[PDB]
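Read through the structure below, which is laid out as structure tokens, and then see the notes.
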Amino acid sequence: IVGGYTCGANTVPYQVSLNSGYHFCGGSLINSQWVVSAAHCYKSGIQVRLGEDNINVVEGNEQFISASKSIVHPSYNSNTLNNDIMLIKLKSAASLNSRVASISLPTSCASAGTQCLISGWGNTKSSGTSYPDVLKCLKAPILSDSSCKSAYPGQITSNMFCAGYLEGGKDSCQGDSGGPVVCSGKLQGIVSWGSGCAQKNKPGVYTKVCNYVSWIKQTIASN
Ligand SMILES: [Ca+2]
């Protein structure tokens with residue numbers, strides 16, 4: 001997260017860290033046994049880390065649970081990043097409390113202008129590299145589809161939306177991918193891609209979760 005603020009420990013209780021010996025992507029807990037992330041974060045041997053603030057220090061509220069199965073969307077295209085979404089089943093159910101909690105799925109798509117919360121452990125610089133150990137947060141609005149398509153000609157599908165600031169300076173970045181975009185208490189987006197981080201006229205692009213609710217529910221019900 002570039003241009004954000006320190007969330008505060010366990011103030012984003014649905015945020016997860018995907019760990020393969022190190023943090024490599026975020027995700028969101030949608031019920032006691034299932035996480036949603038980005039398909040481009042797929043790899044074998046994932047351990048899901050819940051209840052994290054500092055990812056390098058054991059602070060007392062963590063739950064570390066291995067994945068038993070990963071399901072990448074059937075129509076994911078790694079070249080265009082269309083359908084950049086993936087489900088992960090935990091080997092055992094997480095214990096839900098105030099600091100580890102699920103985020104609701106949307107019943108409606110959010111409109112441009114809605115303010116959302118984006119969070120992650122990704123790079124905090126637009127030029128250079130500095131990775132934080134504690135969770136960072138950014139408040140940002142959904143941009144109009146016209147502005148998004150103007151920023152990224154020929155690249156935006158109906159399964160994506162832009163959020164952030166055309167002036168730049170505030171954005172998601174590498175290492176935030178897979179993490180949540182939450183608006184009015186519902187999961188509306190997944191951190192997917194962009195051209196650099198926090199550059200003028202290049203906002204972040206996010207998977208549009210409301211298009212996938214039926215697939216998520218049907219997949220969870222039968223796996
Ligand atoms: Ca920790």
For the stretch 115-223, alpha-carbon Rg and Dmax in angstrom
14.2, 45
In vacuo Debye scattering of the stretch 50-176, one point per C-alpha: log10 I(q)/I(0) at q = 0.10, 0.16, 0.17 Å⁻¹?
-0.44, -1.16, -1.28
Please compute the contact order of the stretch 11-109 in relative form: average sequence separation of alpha-carbon pairs under 8 Å and at least six residues apart, divided by the residue count, as a percent.
33 percent
Under the Karplus relation 6.51 cos²θ - 1.76 cosθ + 1.60, θ = phi - 60°, what is the ordered set of whole-Hz ³J(HN,Hα) values for the stretch 123-131, x standing for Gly and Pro?
3, 9, 10, 7, 9, x, 9, 8, 9
Which of the peptides 75-85, 154-164, 124-134 is most tightly packed, and how do the rest follow, judged by the mean count of other Cβ atoms within 10 Å per residue?
154-164, 75-85, 124-134
For the stretch 175-181, Karplus-derived ³J(HN,Hα) couplings (6.51, -1.76, 1.60; θ = phi - 60°; whole Hz; x for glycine and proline) come out as x, 8, 3, x, x, x, 10
Report the full-extension gain for the segment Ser214 to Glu167: residue separation times 0.36 nm, less the Cα-Cα distance, to one decimal in nm.
13.4 nm
Given backbone amide H placed at 1.01 Å from N, residues whose amide H is under 5 Å from that of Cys116, ignoring those fewer than 5 places away on the same chain, are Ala140, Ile142
Label-to-label distance, nm, for residues given as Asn54 and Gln174 (7 Å Cα→Cβ offset):
2.6 nm
Area projected by the alpha carbon convex hull of the stretch 1-46, averaged over all directions, nm²
4.2 nm²
XL table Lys136/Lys202; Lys43/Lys149; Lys139/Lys202; Cα-Cα > 27 Å flagged, in table order, is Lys43/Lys149
Kindly provide the pair-distance distribution of the stretch 47-121 built from C-alpha pairs, with 5 Å bins from 0 and whole-percent values in order of increasing distance.
3, 11, 14, 18, 22, 17, 11, 4, 0
Using Cα pairs under 8 angstrom and six or more residues apart, how large is the relative contact order of the chain, in percent?
24 percent
Karplus-derived 3J(HN,Hα), 6.51/-1.76/1.60, for each residue of the stretch 63-76, Hz, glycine and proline x:
10, 10, 10, 6, 7, 9, 7, 10, 10, 7, 3, x, 10, 4
Honestly the stretch 94-164 on the Cα gyration tensor test (a ≥ b ≥ c root eigenvalues; a/c under 1.5 rounded, otherwise a/b vs b/c for prolate or oblate) is just oblate
Check: C-alpha center the stretch 151-223 vs C-alpha center the stretch 72-97, spacing in Å is 14 Å
Percentage relative contact order, the stretch 134-223, counting C-alpha pairs under 8 Å, at least six apart
27 percent
Would you please state the base-10 log of I(q)/I(0) at q = 0.12, 0.16 1/Å for the chain, with intensities from the Debye formula using one equal scatterer on every alpha carbon?
-0.56, -1.04
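As a convention, Cβ positions derive from the backbone with ideal geometry for all residues, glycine included, and neighbour counts pool all protein chains shown. No value in this document is a laboratory result; all are computed from the given coordinates.
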